[PDB]
């Protein structure tokens, strides 16, 4: 969905998996790898 550069991460101290744009430093709960 969203662009190349969005990549999987985990929200420290709770474990919520989310995505982080490794090109812009943006963050979202939507997974752009689909």
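Residue numbers (the authors' numbering): 1 to 34.
Backbone N, C-alpha and C define an ideal beta-carbon position, used for all residues, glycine too.
The straight-line gap separating the alpha-carbon atoms of residue 5 and residue 32 is approximately 9 Å. With a beta-carbon spacing of about 16 Å, residue 20 and residue 13 fall beyond the 8 Å limit used to define contacts. Residue 1 carries a coil assignment under DSSP once its states are collapsed to helix, strand and coil. Taking residue 17 as the centre and dropping the five residues before and after it, the same chain places the C-beta of 8, 10 closer than 7 Å to its C-beta, in chain order.
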